[PDB]
>>> print(open('start11.cif').read())   # mmCIF, N, CA and C atoms
data_coords
#
loop_
_atom_site.label_atom_id
_atom_site.label_comp_id
_atom_site.auth_asym_id
_atom_site.auth_seq_id
_atom_site.Cartn_x
_atom_site.Cartn_y
_atom_site.Cartn_z
N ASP F 19 -7.33 -28.05 7.15
CA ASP F 19 -6.51 -28.01 8.40
C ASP F 19 -4.98 -27.97 8.13
N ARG F 20 -4.27 -29.01 8.61
CA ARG F 20 -2.83 -29.22 8.34
C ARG F 20 -2.61 -29.28 6.82
N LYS F 21 -3.48 -30.04 6.15
CA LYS F 21 -3.64 -30.09 4.69
C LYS F 21 -3.78 -28.71 4.01
N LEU F 22 -4.42 -27.77 4.71
CA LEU F 22 -4.60 -26.39 4.21
C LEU F 22 -3.39 -25.49 4.53
N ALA F 23 -2.78 -25.70 5.72
CA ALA F 23 -1.51 -25.03 6.14
C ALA F 23 -0.35 -25.22 5.14
N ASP F 24 -0.21 -26.43 4.57
CA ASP F 24 0.80 -26.66 3.51
C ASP F 24 0.43 -26.05 2.14
N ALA F 25 -0.86 -25.85 1.90
CA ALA F 25 -1.30 -24.99 0.79
C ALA F 25 -0.51 -23.71 0.85
N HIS F 26 -0.57 -23.05 2.01
CA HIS F 26 -0.01 -21.71 2.18
C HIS F 26 1.51 -21.75 2.13
N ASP F 27 2.07 -22.86 2.63
CA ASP F 27 3.53 -23.06 2.71
C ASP F 27 4.13 -22.98 1.30
N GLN F 28 3.42 -23.62 0.37
CA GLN F 28 3.70 -23.66 -1.05
C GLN F 28 3.71 -22.27 -1.65
N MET F 29 2.58 -21.60 -1.41
CA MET F 29 2.38 -20.24 -1.85
C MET F 29 3.50 -19.35 -1.29
N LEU F 30 3.80 -19.52 0.00
CA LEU F 30 4.79 -18.62 0.64
C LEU F 30 6.20 -18.87 0.13
N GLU F 31 6.51 -20.13 -0.09
CA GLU F 31 7.81 -20.52 -0.57
C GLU F 31 8.06 -19.92 -1.96
N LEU F 32 7.10 -20.07 -2.86
CA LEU F 32 7.20 -19.48 -4.18
C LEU F 32 7.39 -17.96 -4.12
N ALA F 33 6.49 -17.27 -3.40
CA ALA F 33 6.58 -15.82 -3.11
C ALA F 33 7.99 -15.39 -2.75
N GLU F 34 8.62 -16.17 -1.88
CA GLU F 34 9.93 -15.82 -1.37
C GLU F 34 11.03 -15.94 -2.41
N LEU F 35 11.03 -17.01 -3.21
CA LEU F 35 12.00 -17.14 -4.32
C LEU F 35 11.77 -16.02 -5.32
N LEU F 36 10.51 -15.81 -5.64
CA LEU F 36 10.11 -14.73 -6.49
C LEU F 36 10.65 -13.37 -6.04
N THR F 37 10.50 -13.05 -4.75
CA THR F 37 10.94 -11.77 -4.22
C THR F 37 12.45 -11.61 -4.53
N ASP F 38 13.18 -12.70 -4.41
CA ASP F 38 14.56 -12.65 -4.74
C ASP F 38 14.92 -12.38 -6.17
N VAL F 39 14.24 -13.03 -7.12
CA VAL F 39 14.70 -12.89 -8.48
C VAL F 39 14.43 -11.45 -8.89
N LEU F 40 13.35 -10.90 -8.37
CA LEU F 40 12.89 -9.54 -8.71
C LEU F 40 13.84 -8.49 -8.14
N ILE F 41 14.10 -8.59 -6.84
CA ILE F 41 15.14 -7.79 -6.20
C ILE F 41 16.38 -7.88 -7.06
N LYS F 42 16.78 -9.09 -7.47
CA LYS F 42 18.03 -9.24 -8.25
C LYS F 42 17.95 -8.55 -9.60
N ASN F 43 16.76 -8.52 -10.20
CA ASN F 43 16.72 -8.18 -11.61
C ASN F 43 16.03 -6.88 -11.99
N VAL F 44 15.26 -6.31 -11.08
CA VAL F 44 14.63 -5.00 -11.33
C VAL F 44 15.37 -3.89 -10.58
N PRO F 45 16.24 -3.15 -11.29
CA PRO F 45 17.05 -2.21 -10.52
C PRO F 45 16.14 -1.16 -9.87
N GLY F 46 16.49 -0.72 -8.67
CA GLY F 46 15.71 0.28 -7.96
C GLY F 46 14.50 -0.22 -7.20
N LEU F 47 14.07 -1.46 -7.43
CA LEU F 47 12.84 -1.99 -6.79
C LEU F 47 13.07 -2.25 -5.33
N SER F 48 12.18 -1.80 -4.46
CA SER F 48 12.44 -2.04 -3.05
C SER F 48 12.12 -3.50 -2.72
N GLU F 49 12.66 -3.97 -1.61
CA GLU F 49 12.32 -5.30 -1.14
C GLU F 49 10.81 -5.43 -0.87
N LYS F 50 10.24 -4.41 -0.24
CA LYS F 50 8.86 -4.43 0.15
C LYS F 50 7.95 -4.54 -1.08
N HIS F 51 8.26 -3.75 -2.10
CA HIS F 51 7.47 -3.80 -3.28
C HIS F 51 7.64 -5.15 -3.94
N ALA F 52 8.87 -5.67 -3.96
CA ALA F 52 9.15 -7.00 -4.55
C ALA F 52 8.31 -8.09 -3.85
N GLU F 53 8.33 -8.09 -2.51
CA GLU F 53 7.47 -8.94 -1.66
C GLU F 53 6.00 -8.84 -2.04
N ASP F 54 5.43 -7.63 -1.97
CA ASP F 54 4.03 -7.39 -2.35
C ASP F 54 3.66 -7.95 -3.72
N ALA F 55 4.53 -7.78 -4.71
CA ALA F 55 4.27 -8.22 -6.05
C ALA F 55 4.31 -9.74 -6.13
N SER F 56 5.33 -10.32 -5.49
CA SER F 56 5.52 -11.77 -5.45
C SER F 56 4.36 -12.44 -4.77
N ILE F 57 3.93 -11.88 -3.62
CA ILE F 57 2.82 -12.48 -2.88
C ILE F 57 1.58 -12.39 -3.75
N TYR F 58 1.38 -11.26 -4.39
CA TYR F 58 0.21 -11.14 -5.26
C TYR F 58 0.15 -12.20 -6.39
N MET F 59 1.31 -12.53 -6.95
CA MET F 59 1.33 -13.41 -8.09
C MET F 59 1.25 -14.82 -7.57
N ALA F 60 2.00 -15.10 -6.49
CA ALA F 60 2.09 -16.47 -5.95
C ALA F 60 0.72 -16.91 -5.43
N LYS F 61 0.03 -15.94 -4.84
CA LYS F 61 -1.32 -16.07 -4.34
C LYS F 61 -2.28 -16.41 -5.49
N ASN F 62 -1.86 -16.04 -6.71
CA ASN F 62 -2.70 -16.20 -7.89
C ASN F 62 -2.05 -17.16 -8.88
N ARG F 63 -1.35 -18.15 -8.35
CA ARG F 63 -0.37 -18.86 -9.18
C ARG F 63 -0.94 -19.56 -10.38
N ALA F 64 -2.13 -20.17 -10.27
CA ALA F 64 -2.61 -20.94 -11.41
C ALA F 64 -2.99 -20.06 -12.56
N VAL F 65 -3.55 -18.89 -12.26
CA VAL F 65 -3.85 -17.95 -13.31
C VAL F 65 -2.54 -17.51 -13.97
N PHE F 66 -1.54 -17.13 -13.17
CA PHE F 66 -0.24 -16.73 -13.77
C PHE F 66 0.42 -17.86 -14.56
N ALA F 67 0.39 -19.07 -14.01
CA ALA F 67 0.91 -20.25 -14.70
C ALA F 67 0.27 -20.36 -16.04
N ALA F 68 -1.04 -20.18 -16.11
CA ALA F 68 -1.73 -20.33 -17.41
C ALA F 68 -1.31 -19.20 -18.38
N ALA F 69 -1.15 -17.99 -17.84
CA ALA F 69 -0.71 -16.86 -18.62
C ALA F 69 0.69 -17.08 -19.16
N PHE F 70 1.61 -17.53 -18.32
CA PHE F 70 2.99 -17.69 -18.74
C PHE F 70 3.14 -18.81 -19.74
N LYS F 71 2.45 -19.92 -19.50
CA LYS F 71 2.47 -21.10 -20.36
C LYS F 71 2.11 -20.63 -21.76
N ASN F 72 0.82 -20.61 -22.05
CA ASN F 72 0.35 -20.42 -23.42
C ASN F 72 -0.02 -19.00 -23.82
N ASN F 73 -0.85 -18.34 -23.01
CA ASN F 73 -1.40 -17.07 -23.46
C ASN F 73 -1.73 -16.11 -22.35
N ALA F 74 -1.46 -14.86 -22.67
CA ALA F 74 -1.52 -13.79 -21.71
C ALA F 74 -2.96 -13.52 -21.26
N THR F 75 -3.91 -13.75 -22.16
CA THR F 75 -5.28 -13.36 -21.90
C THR F 75 -5.94 -14.17 -20.77
N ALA F 76 -5.24 -15.19 -20.27
CA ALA F 76 -5.65 -15.90 -19.05
C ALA F 76 -5.57 -14.98 -17.80
N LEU F 77 -4.87 -13.85 -17.93
CA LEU F 77 -4.83 -12.82 -16.88
C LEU F 77 -6.19 -12.18 -16.66
N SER F 78 -7.03 -12.14 -17.69
CA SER F 78 -8.47 -11.85 -17.55
C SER F 78 -9.10 -12.37 -16.28
N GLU F 79 -8.76 -13.62 -15.92
CA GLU F 79 -9.40 -14.32 -14.81
C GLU F 79 -9.09 -13.75 -13.44
N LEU F 80 -8.04 -12.93 -13.36
CA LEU F 80 -7.74 -12.16 -12.16
C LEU F 80 -8.94 -11.31 -11.81
N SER F 81 -9.31 -11.33 -10.53
CA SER F 81 -10.57 -10.75 -10.08
C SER F 81 -10.39 -9.42 -9.33
N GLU F 82 -10.82 -8.32 -9.96
CA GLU F 82 -10.86 -6.94 -9.38
C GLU F 82 -11.34 -5.92 -10.41
N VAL U 18 10.28 -20.35 -39.71
CA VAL U 18 11.57 -20.41 -38.97
C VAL U 18 11.82 -19.09 -38.20
N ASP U 19 11.91 -17.97 -38.91
CA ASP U 19 12.13 -16.66 -38.26
C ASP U 19 10.86 -15.88 -38.01
N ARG U 20 9.85 -16.13 -38.85
CA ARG U 20 8.49 -15.64 -38.62
C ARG U 20 7.99 -16.16 -37.28
N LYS U 21 8.35 -17.40 -36.95
CA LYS U 21 8.00 -17.95 -35.64
C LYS U 21 8.69 -17.21 -34.48
N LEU U 22 9.94 -16.79 -34.70
CA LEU U 22 10.69 -16.00 -33.73
C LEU U 22 10.14 -14.57 -33.68
N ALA U 23 9.52 -14.16 -34.78
CA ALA U 23 8.81 -12.88 -34.86
C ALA U 23 7.52 -12.93 -34.05
N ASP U 24 6.73 -13.99 -34.27
CA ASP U 24 5.50 -14.24 -33.53
C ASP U 24 5.78 -14.39 -32.03
N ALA U 25 6.82 -15.14 -31.67
CA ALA U 25 7.20 -15.29 -30.26
C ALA U 25 7.61 -13.98 -29.58
N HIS U 26 8.44 -13.18 -30.23
CA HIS U 26 8.84 -11.91 -29.63
C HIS U 26 7.65 -10.98 -29.41
N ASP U 27 6.68 -11.04 -30.34
CA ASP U 27 5.46 -10.25 -30.24
C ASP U 27 4.61 -10.67 -29.03
N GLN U 28 4.51 -11.98 -28.86
CA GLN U 28 3.78 -12.57 -27.74
C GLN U 28 4.46 -12.25 -26.42
N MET U 29 5.79 -12.14 -26.44
CA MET U 29 6.60 -11.68 -25.30
C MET U 29 6.13 -10.27 -24.85
N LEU U 30 6.00 -9.37 -25.82
CA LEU U 30 5.60 -8.00 -25.61
C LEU U 30 4.17 -7.93 -25.14
N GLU U 31 3.26 -8.58 -25.87
CA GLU U 31 1.86 -8.59 -25.47
C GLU U 31 1.69 -9.07 -24.01
N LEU U 32 2.48 -10.06 -23.59
CA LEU U 32 2.50 -10.55 -22.21
C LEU U 32 3.08 -9.57 -21.22
N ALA U 33 4.15 -8.89 -21.62
CA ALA U 33 4.82 -8.01 -20.70
C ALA U 33 3.82 -6.88 -20.44
N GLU U 34 3.13 -6.47 -21.51
CA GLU U 34 2.17 -5.39 -21.41
C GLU U 34 0.94 -5.69 -20.52
N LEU U 35 0.42 -6.90 -20.61
CA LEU U 35 -0.70 -7.24 -19.77
C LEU U 35 -0.23 -7.39 -18.34
N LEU U 36 0.93 -8.01 -18.14
CA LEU U 36 1.52 -8.12 -16.79
C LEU U 36 1.74 -6.78 -16.08
N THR U 37 2.24 -5.80 -16.83
CA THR U 37 2.44 -4.46 -16.34
C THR U 37 1.13 -3.94 -15.87
N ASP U 38 0.10 -4.12 -16.68
CA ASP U 38 -1.16 -3.62 -16.30
C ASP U 38 -1.76 -4.28 -15.07
N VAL U 39 -1.62 -5.61 -14.93
CA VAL U 39 -2.23 -6.25 -13.75
C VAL U 39 -1.45 -5.87 -12.50
N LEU U 40 -0.14 -5.66 -12.64
CA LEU U 40 0.69 -5.31 -11.51
C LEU U 40 0.44 -3.92 -11.00
N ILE U 41 0.40 -2.93 -11.88
CA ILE U 41 0.07 -1.58 -11.36
C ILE U 41 -1.36 -1.50 -10.78
N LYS U 42 -2.28 -2.35 -11.27
CA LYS U 42 -3.64 -2.34 -10.70
C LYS U 42 -3.71 -3.09 -9.38
N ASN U 43 -2.69 -3.86 -9.00
CA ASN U 43 -2.87 -4.78 -7.86
C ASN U 43 -1.82 -4.67 -6.80
N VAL U 44 -0.78 -3.91 -7.08
CA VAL U 44 0.26 -3.73 -6.08
C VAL U 44 0.38 -2.25 -5.74
N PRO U 45 -0.30 -1.81 -4.67
CA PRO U 45 -0.40 -0.36 -4.33
C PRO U 45 0.99 0.22 -4.05
N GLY U 46 1.34 1.31 -4.71
CA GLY U 46 2.61 1.89 -4.45
C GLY U 46 3.69 1.44 -5.40
N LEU U 47 3.41 0.44 -6.24
CA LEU U 47 4.39 0.00 -7.23
C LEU U 47 4.41 1.01 -8.38
N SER U 48 5.58 1.53 -8.73
CA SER U 48 5.65 2.47 -9.83
C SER U 48 5.54 1.80 -11.20
N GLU U 49 5.10 2.59 -12.17
CA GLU U 49 4.90 2.15 -13.51
C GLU U 49 6.20 1.59 -14.09
N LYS U 50 7.29 2.34 -13.97
CA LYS U 50 8.60 1.92 -14.40
C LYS U 50 8.98 0.57 -13.81
N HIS U 51 8.86 0.39 -12.49
CA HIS U 51 9.23 -0.89 -11.91
C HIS U 51 8.34 -2.05 -12.38
N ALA U 52 7.04 -1.81 -12.55
CA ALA U 52 6.11 -2.85 -13.04
C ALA U 52 6.46 -3.22 -14.46
N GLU U 53 6.84 -2.19 -15.22
CA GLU U 53 7.22 -2.37 -16.61
C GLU U 53 8.44 -3.32 -16.68
N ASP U 54 9.45 -3.00 -15.86
CA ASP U 54 10.77 -3.63 -15.87
C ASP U 54 10.68 -5.10 -15.51
N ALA U 55 9.87 -5.36 -14.50
CA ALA U 55 9.74 -6.68 -13.94
C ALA U 55 8.91 -7.54 -14.89
N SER U 56 7.95 -6.90 -15.56
CA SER U 56 7.07 -7.56 -16.53
C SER U 56 7.84 -8.02 -17.74
N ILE U 57 8.74 -7.17 -18.25
CA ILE U 57 9.58 -7.50 -19.40
C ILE U 57 10.48 -8.64 -19.01
N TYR U 58 10.89 -8.67 -17.75
CA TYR U 58 11.89 -9.62 -17.35
C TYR U 58 11.29 -11.01 -17.30
N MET U 59 10.14 -11.09 -16.65
CA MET U 59 9.35 -12.32 -16.58
C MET U 59 8.95 -12.77 -17.99
N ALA U 60 8.44 -11.84 -18.81
CA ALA U 60 7.99 -12.19 -20.14
C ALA U 60 9.16 -12.81 -20.91
N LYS U 61 10.36 -12.24 -20.83
CA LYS U 61 11.56 -12.82 -21.50
C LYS U 61 11.98 -14.20 -20.94
N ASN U 62 11.46 -14.58 -19.77
CA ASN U 62 11.78 -15.87 -19.18
C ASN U 62 10.50 -16.61 -18.90
N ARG U 63 9.52 -16.42 -19.80
CA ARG U 63 8.18 -16.95 -19.53
C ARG U 63 8.15 -18.45 -19.31
N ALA U 64 9.03 -19.20 -19.98
CA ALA U 64 9.04 -20.64 -19.80
C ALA U 64 9.55 -21.05 -18.42
N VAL U 65 10.50 -20.31 -17.88
CA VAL U 65 11.01 -20.63 -16.54
C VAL U 65 10.00 -20.22 -15.48
N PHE U 66 9.29 -19.11 -15.72
CA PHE U 66 8.23 -18.68 -14.80
C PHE U 66 7.01 -19.61 -14.87
N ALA U 67 6.59 -20.02 -16.07
CA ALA U 67 5.50 -20.99 -16.22
C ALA U 67 5.79 -22.26 -15.43
N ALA U 68 7.03 -22.74 -15.48
CA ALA U 68 7.40 -23.95 -14.73
C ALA U 68 7.37 -23.65 -13.22
N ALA U 69 7.90 -22.49 -12.84
CA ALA U 69 7.89 -22.08 -11.43
C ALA U 69 6.46 -22.10 -10.85
N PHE U 70 5.56 -21.39 -11.52
CA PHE U 70 4.17 -21.25 -11.11
C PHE U 70 3.36 -22.53 -11.26
N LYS U 71 3.59 -23.30 -12.33
CA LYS U 71 2.87 -24.59 -12.52
C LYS U 71 3.10 -25.58 -11.39
N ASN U 72 4.29 -25.62 -10.78
CA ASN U 72 4.58 -26.63 -9.71
C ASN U 72 5.71 -26.35 -8.67
N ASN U 73 6.95 -26.56 -9.13
CA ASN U 73 8.16 -26.29 -8.34
C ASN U 73 8.64 -24.83 -8.48
N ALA U 74 8.41 -24.08 -7.41
CA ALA U 74 9.01 -22.78 -7.27
C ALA U 74 10.49 -22.85 -7.68
N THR U 75 11.13 -23.99 -7.42
CA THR U 75 12.57 -24.12 -7.57
C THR U 75 13.10 -23.96 -8.99
N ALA U 76 12.23 -24.01 -9.98
CA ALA U 76 12.72 -23.87 -11.33
C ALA U 76 13.31 -22.47 -11.61
N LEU U 77 12.98 -21.50 -10.75
CA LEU U 77 13.52 -20.12 -10.82
C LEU U 77 15.04 -20.10 -10.60
N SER U 78 15.54 -21.10 -9.90
CA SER U 78 16.96 -21.42 -9.92
C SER U 78 17.61 -21.51 -11.30
N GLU U 79 16.82 -21.83 -12.33
CA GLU U 79 17.35 -21.92 -13.71
C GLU U 79 17.58 -20.55 -14.38
N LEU U 80 17.09 -19.48 -13.75
CA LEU U 80 17.34 -18.12 -14.23
C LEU U 80 18.79 -17.78 -13.91
N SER U 81 19.57 -17.39 -14.91
CA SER U 81 20.97 -17.08 -14.67
C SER U 81 21.07 -15.77 -13.88
N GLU U 82 22.25 -15.51 -13.32
CA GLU U 82 22.51 -14.26 -12.60
C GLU U 82 22.37 -13.03 -13.54
N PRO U 83 21.88 -11.87 -13.00
CA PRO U 83 21.66 -10.65 -13.82
C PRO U 83 22.92 -10.10 -14.52
N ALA U 84 22.75 -9.65 -15.77
CA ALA U 84 23.85 -9.00 -16.52
C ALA U 84 23.91 -7.51 -16.22
#
>>> encode(input="start11.cif", output="structure tokens")
Amino acid sequence: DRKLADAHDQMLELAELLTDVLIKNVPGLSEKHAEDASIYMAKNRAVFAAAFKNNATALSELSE
Amino acid sequence: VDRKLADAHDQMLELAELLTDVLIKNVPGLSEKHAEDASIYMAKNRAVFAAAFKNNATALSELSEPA
């Protein structure tokens, strides 16, 4: 419920900071694409966290 | 000492490469060049991104302004 709504708040907040750093640092990248990419990663944060921390092959766990 | 900096830079690349691949497969309309660029950037700041994703989004504040 409310407990689940703040789940998303977390995810959304990260996505938003992310969209910024990317806009700032990838020349030519549109805002929309930056948003889409950030939401995708933020939505998948624990897998990315594990990838960034120790090893890339934790990206395996991404489902598609 | 420097072999470790060699191993780390390699791991940077291997990460940037897998990131590029997951991004072009998952963000429709994202170009290869842009996925590449953003992947290298994150990979070069992997410790700040790991902290961002692990808990506080706010650690991305520690990324300096673009050169």
>>> residues_around(input="start11.cif", residues="range 77-81 of chain U", least_positions_apart="4", cutoff="7 Å", atoms="only N, CA and C atoms", output="MDAnalysis selection string")
chainID U and resid 65:66 68:69 73
>>> interface_residues(input="start11.cif", of="chain U", to="chain F", cutoff="6 Å", atoms="only N, CA and C atoms", output="PyMOL selection string")
chain U and resi 32+44+54-55+63-64+66-67+70-71+74+83
>>> atom_distance(input="start11.cif", atom1="CA of residue 22 in chain U", atom2="CA of residue 84 in chain U")
22.8 Å
>>> atom_distance(input="start11.cif", atom1="atom N of residue 53 in chain U", atom2="CA of residue 37 in chain F")
15.2 Å
>>> axis_aligned_box(input="start11.cif", around="range 34-46 of chain F", padding_each_side="6 Å", output="JSON")
{"center_x": 13.3, "center_y": -8.4, "center_z": -6.7, "size_x": 21.4, "size_y": 29.4, "size_z": 22.6}
>>> select_by_dssp(input="start11.cif", residues="chain F", states="helix (DSSP H, G or I)", output="number ranges by chain")
F: 20-43, 49-60, 63-71, 74-79
>>> atom_distance(input="start11.cif", atom1="CA of residue 36 in chain U", atom2="CA of residue 52 in chain U")
7.9 Å
>>> closest_residue(input="start11.cif", among="U:30, U:39, U:21, U:61", to="residue 79 in chain F", atoms="only C-alpha atoms")
U:39
>>> decode(input="start11.cif", residues="chain F", atoms="C-alpha atoms", output="compact mmCIF listing (two decimals), in the first residue's frame")
# COMPACT_ATOMS: atom_id res chain seq x y z
CA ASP F 19 0.00 0.00 0.00
CA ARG F 20 1.53 3.31 1.31
CA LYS F 21 4.56 1.09 2.10
CA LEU F 22 4.59 0.13 -1.64
CA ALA F 23 4.05 3.77 -2.89
CA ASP F 24 7.39 4.80 -1.25
CA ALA F 25 9.04 1.84 -3.01
CA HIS F 26 8.27 3.67 -6.23
CA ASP F 27 9.20 7.09 -4.79
CA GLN F 28 12.71 5.73 -4.24
CA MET F 29 12.90 4.30 -7.71
CA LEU F 30 11.57 7.55 -9.23
CA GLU F 31 13.89 9.79 -7.27
CA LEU F 32 16.96 7.82 -8.38
CA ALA F 33 15.71 7.79 -12.04
CA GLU F 34 15.44 11.55 -11.92
CA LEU F 35 18.98 12.24 -10.61
CA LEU F 36 20.21 9.71 -13.09
CA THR F 37 18.45 11.47 -15.99
CA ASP F 38 20.37 14.55 -15.03
CA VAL F 39 23.86 13.19 -14.85
CA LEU F 40 23.33 11.54 -18.25
CA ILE F 41 21.92 14.65 -19.90
CA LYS F 42 24.95 16.44 -18.41
CA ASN F 43 27.51 13.93 -19.56
CA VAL F 44 26.40 12.23 -22.79
CA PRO F 45 26.60 14.85 -25.50
CA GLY F 46 23.71 14.72 -27.98
CA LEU F 47 21.51 12.48 -25.76
CA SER F 48 17.92 13.60 -25.66
CA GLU F 49 16.14 14.16 -22.38
CA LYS F 50 13.57 11.52 -23.31
CA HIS F 51 16.16 8.90 -24.03
CA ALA F 52 18.01 9.84 -20.81
CA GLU F 53 14.70 9.39 -18.87
CA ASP F 54 13.95 6.01 -20.52
CA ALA F 55 17.45 4.73 -19.75
CA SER F 56 17.41 6.00 -16.15
CA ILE F 57 13.98 4.53 -15.47
CA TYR F 58 15.12 1.23 -16.92
CA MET F 59 18.18 1.07 -14.67
CA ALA F 60 16.53 2.52 -11.56
CA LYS F 61 13.69 0.05 -12.01
CA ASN F 62 16.39 -2.64 -11.97
CA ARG F 63 18.52 -1.09 -9.28
CA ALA F 64 19.69 -4.10 -7.30
CA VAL F 65 20.92 -5.90 -10.35
CA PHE F 66 22.77 -2.74 -11.48
CA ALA F 67 24.10 -2.16 -7.95
CA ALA F 68 25.54 -5.65 -7.98
CA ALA F 69 27.04 -5.10 -11.44
CA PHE F 70 28.63 -1.78 -10.53
CA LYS F 71 29.92 -3.00 -7.16
CA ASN F 72 31.88 -6.14 -7.94
CA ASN F 73 31.20 -7.66 -11.33
CA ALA F 74 29.53 -6.98 -14.59
CA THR F 75 28.20 -10.49 -15.11
CA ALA F 76 25.46 -9.78 -12.54
CA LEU F 77 23.78 -8.07 -15.56
CA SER F 78 22.94 -11.64 -16.64
CA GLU F 79 20.07 -11.47 -14.14
CA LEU F 80 18.29 -8.84 -16.22
CA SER F 81 15.24 -10.56 -17.67
CA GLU F 82 14.47 -10.43 -21.46
